[PDB]
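Asks:
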Amino acid sequence: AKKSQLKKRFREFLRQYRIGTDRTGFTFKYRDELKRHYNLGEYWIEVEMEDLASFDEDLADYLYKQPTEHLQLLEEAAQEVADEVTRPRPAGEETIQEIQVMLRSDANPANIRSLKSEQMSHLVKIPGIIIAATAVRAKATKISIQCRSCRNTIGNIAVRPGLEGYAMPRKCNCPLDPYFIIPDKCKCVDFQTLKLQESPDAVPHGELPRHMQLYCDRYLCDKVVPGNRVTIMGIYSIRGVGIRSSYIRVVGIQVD
Amino acid sequence: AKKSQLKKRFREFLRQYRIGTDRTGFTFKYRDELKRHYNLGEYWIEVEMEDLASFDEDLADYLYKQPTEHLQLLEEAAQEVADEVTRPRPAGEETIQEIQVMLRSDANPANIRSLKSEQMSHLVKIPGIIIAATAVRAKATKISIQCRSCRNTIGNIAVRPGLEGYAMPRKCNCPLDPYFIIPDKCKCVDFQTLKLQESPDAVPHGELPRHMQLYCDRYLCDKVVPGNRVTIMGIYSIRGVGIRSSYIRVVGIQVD
Amino acid sequence: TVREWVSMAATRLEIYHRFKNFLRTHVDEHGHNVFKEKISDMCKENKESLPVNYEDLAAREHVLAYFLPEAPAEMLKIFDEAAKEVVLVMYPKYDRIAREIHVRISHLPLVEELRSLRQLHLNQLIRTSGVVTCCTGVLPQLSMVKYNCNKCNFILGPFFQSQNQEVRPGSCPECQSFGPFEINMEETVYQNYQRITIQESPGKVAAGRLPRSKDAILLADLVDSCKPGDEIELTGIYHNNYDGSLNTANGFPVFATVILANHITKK
Amino acid sequence: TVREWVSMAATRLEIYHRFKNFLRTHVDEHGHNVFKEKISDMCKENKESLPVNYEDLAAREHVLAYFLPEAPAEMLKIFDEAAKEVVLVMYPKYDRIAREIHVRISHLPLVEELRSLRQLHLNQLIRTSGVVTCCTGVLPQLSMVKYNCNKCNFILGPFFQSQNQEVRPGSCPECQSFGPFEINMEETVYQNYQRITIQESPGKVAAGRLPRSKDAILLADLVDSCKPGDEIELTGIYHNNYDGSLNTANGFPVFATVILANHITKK
Amino acid sequence: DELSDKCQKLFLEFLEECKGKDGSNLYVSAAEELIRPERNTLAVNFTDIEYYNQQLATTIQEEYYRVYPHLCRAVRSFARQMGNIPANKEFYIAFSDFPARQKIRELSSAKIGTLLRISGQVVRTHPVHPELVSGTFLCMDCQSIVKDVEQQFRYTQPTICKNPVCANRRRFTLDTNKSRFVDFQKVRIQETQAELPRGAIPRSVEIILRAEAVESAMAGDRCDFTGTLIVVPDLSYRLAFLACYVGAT
Amino acid sequence: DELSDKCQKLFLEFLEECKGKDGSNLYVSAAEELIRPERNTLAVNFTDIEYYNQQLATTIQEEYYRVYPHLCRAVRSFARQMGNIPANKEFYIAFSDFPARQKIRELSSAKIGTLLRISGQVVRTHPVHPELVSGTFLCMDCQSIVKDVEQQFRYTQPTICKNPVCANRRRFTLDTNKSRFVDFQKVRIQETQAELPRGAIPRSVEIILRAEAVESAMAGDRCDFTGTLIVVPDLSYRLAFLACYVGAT
Ligand SMILES: [Zn+2]
Ligand SMILES: [Zn+2]
Ligand SMILES: [Zn+2]
Ligand SMILES: [Zn+2]
Ligand SMILES: [Zn+2]
Ligand SMILES: [Zn+2]
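Chains as they are written, first to last, in the authors' numbering: chain D, 27 to 199, 208 to 273, 287 to 303; chain 5, 27 to 199, 208 to 273, 287 to 303; chain 2, 166 to 432; chain A, 166 to 432; chain E, 22 to 254, 293 to 308; chain 6, 22 to 254, 293 to 308.
#1: Taking a contact to mean a Cβ-Cβ separation below 9 Å, would you say residue 48 (chain 6) touches residue 63 (chain 6) in this structure?
#2: Throw me the rounded Cβ distance for the residue 231 (chain D) and residue 157 (chain D) pair, which I believe falls under 8 Å.
#3: At 3 residues or longer, and completely inside the stretch 91-129 of chain 6: list those beta strand (DSSP E) runs for me, N to C.
#4: What are the boundary residues of the beta strand (DSSP E) that includes residue 355 (chain 2)?
#5: Are any of the Cβ atoms in chain 2 nearer than 9 Å to that of residue 185 (chain E)?
#6: Hey, quick one: how far does the beta strand (DSSP E) through residue 305 (chain A) stretch, first residue to last?
#7: Kindly list the residues whose CB is nearer than 8 Å to the CB of residue 52 (chain D), restricted to its own chain and excluding five residues on each side of it in sequence; keep chain order.
#8: Starting from residue 148 (chain D) and walking both ways along the alpha helix (DSSP H), at which residues does that stretch end?
#9: With distances taken between CB atoms, is the gap from residue 151 (chain E) to residue 420 (chain A) smaller than 9 Å?
#10: Just to make sure I have the definition right: I need the residues of chain A whose C-beta is within less than 7 Å of the C-beta of residue 289 (chain D). Which are they?
#11: Would the beta-carbon of residue 340 (chain 2) be found less than 8 Å away from any heavy atom of ligand 3?
#12: Is residue 170 (chain 6) near ligand 6, going by C-beta to nearest heavy atom under 8 Å?
#13: For residue 431 (chain 2), write down the residues that DSSP places opposite it in a beta bridge.
#14: Check for me: the alpha helix (DSSP H) holding residue 181 (chain 5) runs from which residue to which?
#15: Considering only heavy atoms of ligand 5, list every residue whose Cβ is less than 7 Å from one of them, following chain order.
#16: What whole-angstrom Cβ distance do residue 269 (chain A) and residue 428 (chain A) have, given they're in contact under 8 Å?
#17: At which residues does the beta strand (DSSP E) containing residue 216 (chain 2) begin and terminate?
#18: Which chain A residues are close to residue 197 (chain E), counting only those with a beta carbon under 7 Å from its beta carbon?
#19: Name, please, each residue of chain 2 whose Cβ falls closer than 9 Å to the Cβ of residue 335 (chain A).
#20: Spatial neighbours of residue 260 (chain 5) within its chain, please: CB distance less than 7 Å, with the 5 preceding and 5 following residues excluded, ordered by chain position.
#21: Can you name, in chain order, every residue of its own chain whose Cβ lies under 7 Å from the Cβ of residue 153 (chain E), other than the five neighbours on each side?
#22: Quick check: is any heavy atom of ligand 1 less than 8 Å from the C-beta of residue 199 (chain 5)?
#23: Any heavy atom of ligand 2 inside 8 Å of the beta-carbon of residue 182 (chain D)?
#24: Should residue 343 (chain 2) be counted as a contact of ligand 4 given a C-beta to heavy atom distance under 8 Å?
#25: Which residue's Cα is closest to the Cα of residue 35 (chain E): 22 (chain E), 65 (chain E) and 60 (chain E)?
#26: What is the rounded straight-line gap between the Cα of residue 213 (chain D) and the Cα of residue 193 (chain D)?
#27: I need the DSSP call for residue 243 (chain 6), collapsed to helix, strand or coil.
#28: Taking 7 Å as the limit between beta carbons, can you name the residues of its chain near residue 227 (chain 2), skipping five residues before and five after?
#29: Tell me where the beta strand (DSSP E) around residue 294 (chain A) begins and ends.
#30: Verify the contact flag: residue 337 (chain A), CB atom, against every heavy atom of ligand 4, threshold strictly below 8 Å.
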């Protein structure tokens with residue numbers, strides 16, 4: 027499939043990107059950073075967007091327009107590269123941890139009032155000021171279900187990231211809907227929701243500022259407190288007749 | 027469910043039926059016969075229909091009108107009774123074999139030309155003369171399937187008796211229809227098809243005799259050769288617009 | 166169209182009442198009630214077929230005698246219902262030996278030949294004659310199929326099937342599982358089927374011309390009423406059935422024709 | 166009905182050609198081509214809204230000027246298509262900056278008030294005035310939904326959605342999996358939505374009477390064109406929407422009314 | 022219902038034959054205005070109905086609510102014969118000059134269905150809303166159109182198809198294009214001070230206004246409402300007044 | 022196609038104005054019989070057509086197959102105006118007295134679509150079967166009825182709906198109740214002995230018979246068939300003859 031080719035291209039980007047000139051020397055930037063972060067205990071990296079464009083313009087162009095699948099492939103590639111760089115791990119740490127990839131770019135920021143409906147499921151960069159936050163709750167990623175009658179088990183079910191659930195099966199494969215989630219067989223991550231307010235100068239005359247709901251996950255939680263000026267990079271998505292609430296899956300924060 | 031109650035009633039019939047008077051003595055008829063046949067190696071019994079009526083008229087009346095499920099329950103009850111009568115079996119024979127139940131009655135026989143369409147899925151008793159037979163082929167009862175791509179296995183699937191198949195699943199739970215039958219993981223029984231011809235006297239004047247297809251299974255195979263007069267007891271069932292072929296699942300033969 | 170007029174509920178009720186009155190009150194030349202004796206003989210021998218003569222029906226009801234040859238389906242259905250009601254009134258316990266009483270029409274004034282049937286006769290009660298040449302065996306046919314729903318295990322209601330098309334399922338109350346629909350073999354109702362083939366009489370066929378043939382369909386009590394090589398008088402509904410194979414063969418869109426037999430008399 | 170007449174294919178083509186000719190050839194008092202300049206200004210600032218004055222449309226086409234106020238939906242759709250064609254002819258590359266050109270009608274001769282709207286005005290292009298009192302935020306709405314089929318992984322074609330009912334899926338080519346149908350978020354097309362609330366003017370309201378109010382719906386370019394506390398002149402299609410809650414409340418079957426805004430001018 | 026048919030025929034004859042001192046039909050001139058749009062209700066004096074046929078007037082007073090639809094149908098035919106108008110256009114009858122004044126306390130269950138006349142002071146009004154008189158219901162199993170399904174102060178749908186095949190349980194979609202909508206208003210009036218008995222609060226009632234008789238009476242205006250009394254829905296029931304004519308003295 | 026319209030008008034005028042020595046319309050008396058059932062085809066002499074308008078006769082001979090439907094439509098109006106007849110009843114034209122005799126060998130692709138006349142000896146016949154002239158096709162996605170869908174010697178269905186919403190690919194059910202059926206017969210004739218050239222086998226052809234001209238010619242009867250020549254369906296094509304009139308000399 028094309029997914030394997032895209033994953034291989036992302037792995038090649040991670041393993042082969044270098045910075046510097048032959049007059050001084052060359053240093054691999056993302057492989058070294060991945061090794062250092064994984065050894066330190068922080069499982070994340072900050073991948074710029076101009077670097078990916080310079081390596082492969084098509085790959086960067088597929089991240090500015092279909093961020094979901096391409097970001098998932100990039101995270102899997104980062105996990106594989108991090109696993110191969112630190113292959114002989116000490117006893118007890120054989121299992122490889124999952125890596126979270128954060129994005130950054132130097133583009134001119136947009137406005138909250140400029141977000142049209144055409145730019146849905148696209149990477150956006152909007153500034154603002156945080157005015158609210160919520161308690162750090164839990165969000166599941168891997169779940170296992172079990173039948174109530176015949177106690178059949180279907181494990182390792184994956185749940186999509188963001189404010190999206192998982193429709194449970196009806197047929198038992208034992209009445210209708212016999213499946214319940216096993217409590218202890220669930221892997222969870224951190225989870226927080228913020229509220230971004232339009233900048234005090236971009237607000238037009240004689241009008242109250244507008245707001246926008248944000249979503250933060252894993253290492254992005256507990257990074258911004260109310261009253262901070264931030265620049266947010268995230269995926270515009272949806273959570287009256289046909290009206291749907293829209294939020295922003297945050298994949299990068301630059302506190303000012 | 028009512029199925030459990032019916033099975034318990036059949037078990038009670040098998041365990042508690044007695045013949046004789048207190049002036050001579052009483053002998054349990056079907057429990058002794060089951061023990062004797064199971065020890066001899068023949069896994070079958072011949073249950074009369076007047077005995078079952080005398081024990082429980084409702085149970086007999088549910089066998090003359092819905093033979094399929096009630097006969098299956100009767101066979102399961104016979105298997106359980108046979109297992110409990112010979113509970114300490116010698117080493118190597120711990121597993122209990124399946125028992126086949128054959129029916130018999132003293133009712134007046136019907137005619138092939140008298141079989142209406144109302145009497146579908148009902149026990150019938152028709153005489154005739156056998157004019158053809160086929161080679162003993164194989165019919166599956168338990169099958170196991172496996173996916174071609176992800177090699178997932180779904181074993182112990184049960185196939186209904188008679189000329190009826192099993193619609194294989196489409197979703198793999208791996209393209210569409212990825213399941214193939216594992217050859218060695220199949221349990222099969224004997225299988226034969228006959229042709230019954232109307233009796234030479236019941237045929238009206240100036241008309242050729244009619245025919246009817248029969249189905250024989252397990253110990254009923256290789257019991258009748260062409261040219262024999264028989265009395266058949268079986269289940270009338272179906273195998287142009289909406290036209291369906293009709294056969295007779297034979298559950299008892301009385302060679303004359 | 167006569168079909169539209171007889172499809173009216175008030176017209177249907179009026180025809181029903183008229184037929185009931187005709188069955189209950191029809192004296193003979195000597196004043197004897199003919200239908201009382203006919204029903205007695207039918208129930209005495211455990212039959213489910215009641216013959217009705219067209220002549221006395223015309224004598225007692227000209228309006229219905231004119232309606233019948235133009236809309237023979239619904240009119241015969243109403244006749245069947247009225248006959249069943251009358252029989253149940255006369256014999257309360259006949260619901261055991263039978264479940265539907267059929268009406269057979271006799272002495273239809275119009276008589277035709279197999280060589281002079283055109284599209285004018287479509288969907289009309291015709292009366293022909295000929296000699297039988299083929300008779301298939303009796304096979305079972307789906308009468309009222311009871312489709313089920315896998316999404317809810319509830320089984321849909323009866324769906325009548327005609328001899329011209331394949332019946333399709335309806336709609337489940339709330340869980341719309343149109344796809345996963347099947348048929349059970351213990352609640353469905355079947356009926357006998359037999360397809361005879363009739364041809365022109367050896368004496369009546371024109372010397373220059375060659376014998377013609379038409380197919381006929383026999384159901385319920387009508388089966389095994391004919392044997393190959395018998396001269397019969399066939400009354401039934403001339404019916405049009407599409408046949409794409411003939412279309413491809415001739416190179417022109419053509420349709421097959423069959424006769425839904427209603428009354429057969431052997432001469 | 167004017168709707169039936171304008172629904173005719175030949176009538177549709179004739180109206181399309183007349184509107185194209187009007188856009189291409191409409192001189193001013195000095196002979197200048199007004200629509201050339203209008204399209205130049207619209208494309209120069211990257212807009213997708215083209216205003217059309219009713220007066221000159223009546224002057225150059227009385228038949229269309231009479232058809233429009235009685236069938237404002239299909240006529241406006243044809244106007245939009247013709248305007249898009251003309252713009253693409255003038256500016257070949259404008260398919261990047263926009264995907265649909267809208268036509269806004271100005272100076273409609275008929276003017277009404279919120280207190281004199283009855284069922285006579287249903288489905289007609291009306292022009293009212295008032296003061297805004299509420300303005301919800303901009304929310305996304307489903308414009309063209311692309312339903313998929315789980316039985317085959319193939320995705321059905323676009324299905325337009327209206328502001329009066331919930332769109333239901335069609336039929337898959339061969340595998341009729343009506344039930345297992347869902348929506349993807351990367352191929353569906355959305356549009357902006359905003360529901361303002363307008364009320365009668367403080368000065369124009371009758372002393373004995375109390376101010377009235379009606380709801381209006383703004384889509385696409387119309388959003389964020391009004392702020393609470395503004396005097397506006399609203400032109401749109403008066404539309405009838407069922408509301409069972411009002412039925413239960415009043416104890417009598419009653420329907421809600423909304424205005425689908427088409428042109429808004431701030432005074 | 023030969024009573025309704027006879028009342029319809031007599032009312033049509035009264036419309037096409039009533040002549041005053043001038044010996045001319047006033048109702049033909051009235052229907053001249055009914056030709057134009059924005060006009061959907063006719064006027065008639067009950068005293069002139071008595072003059073033409075006191076027996077017909079009494080029959081109307083007996084079952085005014087029951088025979089009102091047939092009166093509307095007759096006036097529809099009269100107006101349509103007088104002038105060219107769309108067939109879908111509905112028409113209504115407003116009865117004026119009713120001397121049988123009543124009392125708010127006098128209202129009871131016996132008087133339901135009879136033409137009455139009450140007076141009161143308007144307390145509050147409601148905005149004008151569309152009302153579904155007769156709806157179009159379509160079976161989802163056979164697509165048979167069942168038009169002119171009257172709504173009896175509630176969302177009412179049948180369980181039978183137009184064609185004799187289906188009997189649908191609850192699947193009957195409604196088409197607004199084939200439906201009939203009339204103006205609806207719900208006002209509240211209280212008992213006047215003169216009518217107020219000693220040691221009793223005013224028994225405020227609610228009035229249903231339709232057709233051109235909408236937004237007719239403002240708040241705090243002494244008006245005389247002429248109309249019938251109906252029951253608006293164990294079976295919960297409440298009283299209400301449906302005024303066909305509103306007059307101010 | 023003003024040619025077809027002009028031909029239709031001229032043919033109708035010829036039907037309602039042709040008068041022989043008696044100065045009377047023969048075609049009105051002919052339509053008198055068309056009133057009765059079992060009659061669906063009219064008769065006309067090509068020589069009399071020439072007498073009335075040789076130009077019209079030539080125009081007919083140019084595109085006989087093309088203008089035949091309009092001739093049938095005109096005779097339909099003539100017969101319907103003459104007497105009460107159900108609208109669904111179709112009518113056909115039989116052309117007789119055609120002097121332009123042809124040869125079986127002379128037949129070629131150029132002559133397709135022009136009225137001709139051939140002679141032969143009938144070899145074999147076929148039983149009478151219904152034929153679908155125009156079928157009714159219904160979309161399965163919107164239930165829009167598309168009637169009068171002509172069949173061009175093959176099962177032909179469109180891909181568009183009657184209403185401008187759907188464009189169905191292949192789902193178009195056929196209704197026999199709204200369809201039109203005509204009698205069809207397929208006979209085979211061979212070249213006569215007189216026509217037989219030296220050292221050549223007879224070139225047997227097939228003839229299509231419709232309407233009342235069915236079961237008309239028995240086997241082994243020398244007959245003259247008057248009709249057009251058509252192509253009956293890489294694109295496989297074969298020749299065939301569609302005779303409108305059969306005569307025996
Ligand atoms: Zn289970
Ligand atoms: Zn698999
Ligand atoms: Zn269901
Ligand atoms: Zn599909
Ligand atoms: Zn229905
Ligand atoms: Zn369609």
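Built from N, CA and C at the ideal position, the CB exists for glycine as well.
Replies: Checking against the coordinates, here is how it stands:
#1: Residue 48 (chain 6) places its beta carbon less than 9 Å from that of residue 63 (chain 6).
#2: With 8 Å as the limit, residue 231 (chain D) and residue 157 (chain D) qualify as a contact, their Cβ atoms being about 5 Å apart.
#3: Whole beta strand (DSSP E) segments, 3+ residues: 113-117.
#4: In the DSSP annotation of this structure, the continuous segment of the beta strand (DSSP E) that includes residue 355 (chain 2) starts and ends at 354-364.
#5: Chain 2, which has a Cβ nearer than 9 Å to the Cβ of residue 185 (chain E), makes this yes.
#6: 304-313 is the extent of the beta strand (DSSP E) around residue 305 (chain A).
#7: 44, 45 and 46.
#8: The continuous stretches of alpha helix (DSSP H) do not include residue 148 (chain D), and DSSP gives it neither H nor E.
#9: At the C-beta level, residue 151 (chain E) and residue 420 (chain A) come within 9 Å of one another.
#10: Chain A residues near residue 289 (chain D): 306, 307 and 326.
#11: Answer for residue 340 (chain 2): yes, Cβ within range of ligand 3.
#12: Residue 170 (chain 6) has its CB no nearer than 8 Å to any heavy atom of ligand 6.
#13: According to DSSP, residue pairing for residue 431 (chain 2) in a beta bridge involves 397 (chain 2).
#14: That residue, residue 181 (chain 5), is in no alpha helix (DSSP H); its beta strand (DSSP E) goes 179-184.
#15: Qualifying residues, in the order they occur: 160 (chain E), 162 (chain E), 163 (chain E), 165 (chain E), 182 (chain E), 184 (chain E), 186 (chain E), 187 (chain E) and 189 (chain E).
#16: Between residue 428 (chain A) and residue 269 (chain A) the Cβ distance is about 4 Å, and since that is below 8 Å, they are a contact.
#17: Taken as a continuous stretch (DSSP letters only), the beta strand (DSSP E) holding residue 216 (chain 2) covers 214-218.
#18: Taking the beta carbon of residue 197 (chain E) as reference, the chain A residues within 7 Å of it are 405, listed in sequence order.
#19: Those within 9 Å of residue 335 (chain A) in chain 2 number zero; the least Cβ separation is about 14 Å.
#20: The answer, listed in chain order, is 156, 157, 158 and 159.
#21: The residues are 172, 200 and 202.
#22: Flag unset: Cβ of residue 199 (chain 5) not near ligand 1.
#23: When distances are taken from the beta-carbon of residue 182 (chain D) to the heavy atoms of ligand 2, even the shortest one reaches 8 Å or more.
#24: Ligand 4 never approaches residue 343 (chain 2) closely enough for any of its heavy atoms to be under 8 Å from the residue's Cβ.
#25: Nearest of 22 (chain E), 65 (chain E) and 60 (chain E) to residue 35 (chain E), Cα basis: 65 (chain E).
#26: Answer to the nearest angstrom: the Cα atoms are 11 Å apart.
#27: DSSP, reduced to helix, strand and coil, places residue 243 (chain 6) within a strand of the structure shown.
#28: No residues qualify anywhere along the chain.
#29: Counting along the chain, the unbroken beta strand (DSSP E) around residue 294 (chain A) starts and ends at 290-300.
#30: For ligand 4, at least one heavy atom lies less than 8 Å from the Cβ of residue 337 (chain A).
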